[PDB]
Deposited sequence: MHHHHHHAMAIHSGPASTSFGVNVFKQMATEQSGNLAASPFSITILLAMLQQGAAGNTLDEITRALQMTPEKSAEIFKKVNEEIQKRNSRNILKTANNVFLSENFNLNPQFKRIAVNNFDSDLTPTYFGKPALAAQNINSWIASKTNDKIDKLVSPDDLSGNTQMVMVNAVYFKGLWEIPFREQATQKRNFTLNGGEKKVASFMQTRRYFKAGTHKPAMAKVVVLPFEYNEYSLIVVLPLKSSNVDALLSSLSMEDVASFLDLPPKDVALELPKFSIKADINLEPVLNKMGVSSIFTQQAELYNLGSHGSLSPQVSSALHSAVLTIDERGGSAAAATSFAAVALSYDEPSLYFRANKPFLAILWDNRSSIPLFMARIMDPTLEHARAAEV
C-alpha cells in the first residue's frame, strides 16, 4: 500500500517545511535508498533504519522486489527510468550477498569504485546515471564531493515522462497568467481539456482533486489544488497518502481542466534531511554496515547520499461542467503507481515556468 514509502513521504514533507519554491522528490527512491542499506545493517544502525522504514529487512526486500517486478512488466509508452546504485570504495571488499539482494530485489547494485581520482570517479558515476535515465540526469555527483577518503556514494535517480490515456489537443494549449504565492504574475502554457475524470473536493484538505490517467492506467497524475481559503503548504502538511489512495475511488466527474505544462528537475543531497529523520548513524564512523562491505574488521559508512528526480508533462496521449479545475496558482502533483499504490513522485509546483527545484 502507500505505507511502504512512508519514510520517503516524511522526508519530502520535512524538506518542504525548510525551503520555499518548487520542490520535487521521489518517495520511492528515497525509501529504496534506506531499505537497501537495511540489508547490510546491524546493531544501532539497523535499529534506526527499521524504525524509520517501519518494515523489517525481509519485508522491505519482498515489497520492493514486487514493486520493481510490476514496473518491469510494463511495455508501454510511459517512460519510467530508475538508476539505483551503491558505489563502494575499493578499500572495502563488497559483500556478495548484499550485492545479490541489490540486483534481485532493489533494481540496484553494489559497485566497486576507485575514488583516488575524484574527477574520473564523478564523471564515471554521472555517465552511468545518464545511461540509465535517457540522458535526463547527468550531473548529480560533483568531483569536489569525492576524495581518496570517500567510502560509499549512494545514488537513486528517477525520470518519468508518460503518455496520457487521452491526449490534450495541442492547439488548445494557451498562454494564461499563473499567480505565484505572494502575487507575482507569470505567463505559463496551460493545457486544456474537458472530459470525465475521477475528481472531487477533499474537504479535510480544503482542496480540489483530479486524477489524470496515463496509458493503460499504469500510472496516474494526481493533482491537488488548494481552495482560496487555504495554501499549498497547509495542504501538503495535512494530506496523507491514505487520503491520496482514496482519490482513485472517486467517481468520474465532468471536469473542465486547465493544467500548466511543466518539467521539474531536482538534485538533492540527502545527508541534512536524513540527519533530521532519525537515521544519522549511517553517516558516522560508528555506522554498522559490515554486511554491506568490509575492510578487515571495519565497516564502511555512507559518505554521500544523492537523489535526483525529473518529471515532465506535456500534451501527448494515446453544459456547465461539474467541476472547474484551473491550476493557475501553486498546487501539488503526485505521480501514482496504480498497481502498487505508492507515490513515485511528489512535486510542489510553485512556478511551472522554472525547470529547477
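Missing C-alpha coordinates mark the following deposited-sequence intervals, in order: 1 to 13, 332 to 346, 386 to 390.
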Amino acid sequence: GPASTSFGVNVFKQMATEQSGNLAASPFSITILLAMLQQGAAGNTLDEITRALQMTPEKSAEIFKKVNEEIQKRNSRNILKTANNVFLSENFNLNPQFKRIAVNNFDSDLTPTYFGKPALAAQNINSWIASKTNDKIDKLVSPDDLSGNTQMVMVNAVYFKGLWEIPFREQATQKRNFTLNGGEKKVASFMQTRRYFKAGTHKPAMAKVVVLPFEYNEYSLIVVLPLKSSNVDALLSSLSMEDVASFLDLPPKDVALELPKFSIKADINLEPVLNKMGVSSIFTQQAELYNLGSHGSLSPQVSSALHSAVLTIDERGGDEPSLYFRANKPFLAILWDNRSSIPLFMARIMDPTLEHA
From here on, numbers count along this sequence of modelled residues.
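The mean C-alpha temperature factor is higher for 130 to 138 when 160 to 168 and 130 to 138 are set side by side. Taking the mean C-alpha B-factor of each stretch as recorded, 37 to 45 and 321 to 329 are not equal, and the higher mean is that of 321 to 329. Taking the PDB entry at face value, the top CA B factor among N105, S280, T150, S237 belongs to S237. Per the PDB entry, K203 shows the highest C-alpha temperature factor of the residues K261, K265, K81, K203. Sort the modelled residues of the chain by CA B factor and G116 lands in the highest third. When all modelled residues of the chain are sorted by CA temperature factor, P272 is found within the middle third. The deposited CA B-factor of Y219 belongs to the lowest third of values across its chain. Among the modelled residues of its chain, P27 has a C-alpha B-factor that falls in the lowest third according to the deposited record. Ranked against the other modelled residues of its chain, the C-alpha B-factor of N231 as given in the entry falls in the highest third.
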